[PDB]
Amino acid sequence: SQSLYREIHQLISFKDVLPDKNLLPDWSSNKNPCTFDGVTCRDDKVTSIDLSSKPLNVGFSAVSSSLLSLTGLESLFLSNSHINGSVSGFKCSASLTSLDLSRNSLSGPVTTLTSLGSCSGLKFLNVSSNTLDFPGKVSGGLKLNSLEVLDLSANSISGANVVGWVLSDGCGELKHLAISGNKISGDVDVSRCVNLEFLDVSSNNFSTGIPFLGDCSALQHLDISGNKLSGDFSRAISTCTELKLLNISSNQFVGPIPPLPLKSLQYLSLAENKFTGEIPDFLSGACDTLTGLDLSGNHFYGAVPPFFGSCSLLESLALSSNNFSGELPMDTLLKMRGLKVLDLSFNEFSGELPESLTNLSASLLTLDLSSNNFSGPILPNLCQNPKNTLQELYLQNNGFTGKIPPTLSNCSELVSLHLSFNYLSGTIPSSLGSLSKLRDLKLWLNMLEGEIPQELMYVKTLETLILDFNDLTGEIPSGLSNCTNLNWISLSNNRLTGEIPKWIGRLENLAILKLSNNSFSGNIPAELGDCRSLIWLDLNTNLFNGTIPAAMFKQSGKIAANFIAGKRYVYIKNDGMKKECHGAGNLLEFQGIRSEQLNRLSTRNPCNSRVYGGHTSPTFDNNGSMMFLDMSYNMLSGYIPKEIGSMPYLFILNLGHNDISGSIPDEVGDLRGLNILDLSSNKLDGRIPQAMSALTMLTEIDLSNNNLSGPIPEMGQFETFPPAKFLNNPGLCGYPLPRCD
């Protein structure tokens, strides 16, 4: 036929306008398209093309002129294909049924989509994750009332009543509307959409009316979360008898949990609102269908109603960040046959752990009991039940006394263990080396003694070791050389000894090494310079000596950090007020702990009030450098190597209280991101290099107690700092000091 001749010529003309033609290397003229990678054929005719996740790097016009006009094409999938430009009028084949253009760079007003009406058979349209917008006045209509599925999520659509604009010309055919991740406001009226099954209007700018749903005859999925809605949603969804998922989380709802349609309900989320009072007895009505419940981050209180035993289908129960109290209602949890995730974190549950809990170790994937008021010992008999499935165990920030049960090694599926912030004595059981899947061992702020288990080598998956604030002794176990995935090692405020092993250079994933306030010694390993993920080095308050190896900076400009991101931390800034408190500040892991309990450190730390929190976020993804370097309060000597200046992402530099001599390298002036510079109490001499006048981001400097001399630089930021920062430098003069003689 002709369409065959035309099919091949159209496909090859498309290939030919690609900047990287090597992308469709098996496409070629005088070959049958049905043999082409990306092509679906039925009876020797093209019915579908899928060029998704290939960087085609061409514009929509190339697509609509070559591809969308092919006779018989039924579906075109071009998600994440680097298509830019915008939709305009074109001839479209009547067979085309699905168009997926999601995750591209389509730009322009959302009114451009209206020109896709050329496609008389189009029923499914995904244009999510682009940059389509709605400039100014919202008038007219989208005019695609034949659609069954429309996805406009994650665009740049800012406007009021955009939904009415979408639905203006009719929605009798519409089954699934998603438009989340925009900035849409106003009214949502889908009452004329009597076949609508799926509505996601989440993460927008709604702060007035609740969506109006009319008879709600077909609605199964309703997501209005992530807005600023308040008011009577109970009445709005009261006609909704087929509802399976109701997500109203992250809004401004207040009062008690009101009546709900439970007979079909599988997923319910009320999280992150201002609901008050206690879980009502009437929710037992969903115990026949309910698979997921989330009431986290409200003001709920009291106990977990006993009715939950009937919710035998309930897989996840999340109630964290309320004020639930009482003992672990094991009598109810043991009936929830299907329970997999249990999250009661950040409440005020109390008492010891009931012995019956050891049964759930054979069904649960996650047990999150962090930040409560539990007391007593960790159940030794825990994970007796053969085939222990438990993956995550979070018991941090409670009142647990006793030893760490070696029995925990039987929970062989364990990926995450967090026993921090308790009162645990005894040693770190050697048997934890048996947890072949463990990624996180977090035991910080307890009273753990003895040495760090050599047997920890037997854990190949290990990524984080957080042992700060204990009573550990002995040296860094040579065995740890084996855990090559470590990206965060924190051993501060113990009584460790020995040197820093030279095998640290081995771990190419280590991003944070914190060894402060112990008794480590010897020289700084030039081997640290071999770590290619290292961004935070805190060796303060120890007994290291020798000279700062220039080699430790060899990685600067090559540093990659990706795995360390997204982890909750607190950074506690040192105010130079108390002389017993050392270092720039303490970076501490802080997943599942209340800041209100930082006061617990008072007895272990001479530091008093300045707490930064967040989630780790490197300032680059690649080609970075160290961001933090503290070696204060040691016995280092010799001169600062000029390579010190080679780290453009360095925010903090503390080398204070050592025996460093010679003169401040002029390369410090290259450290353009520097916020803090402490070189106090050393033996540095010569002149403050004028180059340092180029630093623009210094919020703090200290050069006091050296043998520096000559004039303080008048340009840059020096005039900004008080005299104290320069005291005890005999030959030093110039404002803020007395003028030079």
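The term rigid core refers to the maximal set of C-alpha atoms that superpose within 1.5 Å between the two forms. Start at 1 with the first residue shown and count on from there.
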Practice item. Would you say which of 281-289 and 574-582 moves more relative to the shown form in 6 other deposited structures of this protein, going by RMS C-alpha distance with the core superposed? Key: 281-289
Exercise for review: Between 346-354 and 81-89, report the one with more C-alpha displacement in 6 other deposited structures of this protein relative to this form after a rigid core superposition.
Suggested key: 81-89
Study note, to complete from the structure: What lies unmodelled of the deposited sequence between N608 and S609 amounts to 1 to 3
Check your understanding: Which is higher on average in the deposited entry, the C-alpha temperature factors of 136-144 or of 108-116?
Key -> 136-144
Practice item. Tell me which of 707-715 and 39-47 has the higher mean C-alpha B-factor in the deposited entry. Key: 707-715
Check your understanding: Going by the entry, which of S434, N247, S95, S129 has the most elevated CA B factor?
Key -> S434
Point to revise | Deposited CA B-factor, highest of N204, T208, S430, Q220 | key: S430
Practice item. Consider only the C-alpha atoms of the modelled residues in this chain, order them by B-factor as the entry records it, and name the third containing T541: lowest, middle or highest. Key: middle
Review point. Would the CA B-factor of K514 place it in the lowest, middle or highest third of its chain?
Key: middle
Study note, to complete from the structure: Chain thirds by Cα B factor, record data; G338 belongs to the middle
Study note, to complete from the structure: By the entry's values, the third containing the CA B factor of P354 is the highest
Review point. Lowest, middle or highest third of the chain for the C-alpha temperature factor of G645?
Key: middle
